[PDB]
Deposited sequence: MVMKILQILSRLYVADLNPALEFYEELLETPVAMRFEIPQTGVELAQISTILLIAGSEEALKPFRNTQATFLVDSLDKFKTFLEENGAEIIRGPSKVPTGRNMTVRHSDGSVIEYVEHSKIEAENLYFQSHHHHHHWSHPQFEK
């Protein structure tokens, strides 16, 4: 059971101008774009920030998640969480990048747990 990265979430109307800003602020000339199931929402990652773009209406449900935890194994965390007062409210579900699940911790925090599959050369 290992947390690989803790990703902070930001919500914006459009990725383009926002990305340019974060590439400058974080002094990182590249960002990742992910294939996702939700329509009307675009996802990008720069440094440890996940930029979620879409209309205020499309973004509303996404704002309920406090942060995203990239982990080595969803199953290991699922077990720990269920045995520690947490409620699995979505998934585990297969997604283009691997598998995800959304969890409500006992303290009320809502966290998205993500597990990335293989997928190879951009660097």
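*Asks:* Identify which parts of the deposited sequence carry no C-alpha coordinates, going from the N-terminal end onward.
*Replies:* Holes in the chain trace, numbered from 1: 1-2, 123-125, 129-144.
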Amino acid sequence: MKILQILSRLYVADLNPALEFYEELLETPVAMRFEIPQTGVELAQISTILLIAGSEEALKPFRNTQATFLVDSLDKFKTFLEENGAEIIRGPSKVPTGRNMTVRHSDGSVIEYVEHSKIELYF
From here on, numbers count along this sequence of modelled residues.
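*Asks:* 42-50 versus 79-87: which one carries the higher mean Cα B factor per the record?
*Replies:* Between 79-87 and 42-50, it is 79-87.
*Asks:* So 32-40 or 60-68, which one's hotter by mean CA B-factor in the entry?
*Replies:* Looking at the recorded C-alpha B-factors, 32-40 comes out higher on average.
*Asks:* What third of its chain, lowest, middle or highest, does the C-alpha temperature factor of residue 121 fall into?
*Replies:* According to the entry, residue 121 has a C-alpha B-factor in the chain's highest third.
*Asks:* Relative to the other modelled residues of the same chain, rank the CA B-factor of residue 19 and answer lowest, middle or highest third.
*Replies:* For residue 19, whose C-alpha B-factor we compare with every modelled residue in the chain, the answer is the middle third.
*Asks:* Compared with the other modelled residues in the chain, in which third is the CA B-factor of residue 3?
*Replies:* Answer is middle: the recorded C-alpha B-factor places it there.
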